[PDB]
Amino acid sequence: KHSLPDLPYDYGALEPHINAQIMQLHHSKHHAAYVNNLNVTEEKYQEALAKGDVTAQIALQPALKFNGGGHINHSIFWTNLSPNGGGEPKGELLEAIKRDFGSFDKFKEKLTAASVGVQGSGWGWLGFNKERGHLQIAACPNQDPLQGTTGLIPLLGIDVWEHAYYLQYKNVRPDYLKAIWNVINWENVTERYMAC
């Protein structure tokens, strides 16, 4: 059984970059729905697996991926943001970034392009390629989780589903991305990075 994680900060803590209304809806409505559906889906999957119903297991894949991905992605997202975030990373993460992207700004540009370029709903990710030992940028459709579908270890995720910015930035996705850099919790990204 999975559960909706508590937000490490107040809903209005990311003001004015991400308003309180979006944070409240995103967390208490969208994320909550993913968790509940995930639990219901894992429930049905245990039954199908117990009696060897292969057709049932395959029919459930879309729901498990979508809701499981939704839970995974958002849980990471909440920790990637902080009212005390922003600025630039320091230490080994900054070195790894300059080394694989040229500079911190070229990195911002690459991640922003990948996020703005998502056709439809999806996520822009900064991940770690364990096999090659270097950072890597990827985009995922809908709620497809980074690690489960590409093998990359997630470090920083940017949600570009319209519900993550529409109430405040309307259709101007680039304005949303420009603003989110001010609340990125580089301390958390560093932890995830040191862990792998």
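Note that residue numbering follows the sequence shown and begins at 1.
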- Comparing 53-61 with 124-132, the higher average Cα temperature factor in the PDB entry belongs to 124-132
- Per the PDB entry, mean CA B-factor is higher for 147-155 or 66-74, namely for 147-155
- Entry-reported C-alpha B-factor of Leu177 relative to its chain, by third, is highest
- Tell me, lowest, middle or highest third: where does the Cα B factor of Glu47 rank within its chain? highest
